[PDB]
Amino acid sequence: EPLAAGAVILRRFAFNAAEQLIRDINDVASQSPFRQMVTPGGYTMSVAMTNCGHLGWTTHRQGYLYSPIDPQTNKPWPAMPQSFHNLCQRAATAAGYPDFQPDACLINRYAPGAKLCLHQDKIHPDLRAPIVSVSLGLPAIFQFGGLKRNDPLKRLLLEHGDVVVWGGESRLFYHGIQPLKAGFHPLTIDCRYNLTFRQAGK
């Protein structure tokens, strides 16, 4: 059974690419470090984040923003690694979105206990562009709901190499990650990473 209208899970899709993806996460973060962002209301998120590409997701006192500049370094986010871009395009194509041109990649790092509460990915300049979401490392339980917060959730374990793609009818669906269990993975040791690809600009 597929995930939803316009949505699919490509299990272990990124497994072969994962070692290089992780090397390139480390390179990105060497330039724009992982940081735990603070919400407009003043709470520090448990997931640590950075970005690459032309636009990075950030919080600010005034809201959420896709920005061309990393507010911590005052420099552009690092260029999107070719490994990231190539994996993203292969996964998008396999999922039925062959024309996707991301300009933004949000890199999440989950330590044990870290979560991401149910939310919608908002800001869609192209209603035909999906979200491509790549899991690395330790396993996590992903929630995928509907257009309204109380719509029933599907709960899916996401393991190393899994890729989730949503878009079209499901582009604005609520989703999140449950608190990460401690464990070991040979390539990330003690964390999970996620890559979220978007077209956030015109």
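The first residue of the sequence shown is number 1, and the count goes up from there.
For the pair 66 to 74 and 134 to 142, the record assigns the higher mean C-alpha temperature factor to 66 to 74. With 105 to 113 and 123 to 131 compared on mean CA B-factor from the PDB entry, the stretch scoring higher is 123 to 131. Of the residues listed, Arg35, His160, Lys154, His175, the entry assigns the biggest Cα temperature factor to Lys154. When the modelled residues of the chain are ordered by their C-alpha B factor, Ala95 lands in the highest third. Sort the chain's modelled residues by C-alpha temperature factor and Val164 lands in the lowest third, per the entry.
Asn51: CA B factor in the lowest third of modelled residues in this chain (values from the PDB entry). In the deposited entry, the Cα temperature factor of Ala7 sits in the middle third of values across the chain's modelled residues. Ranked within its chain, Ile25 lands in the lowest third, by CA B factor from the PDB record.
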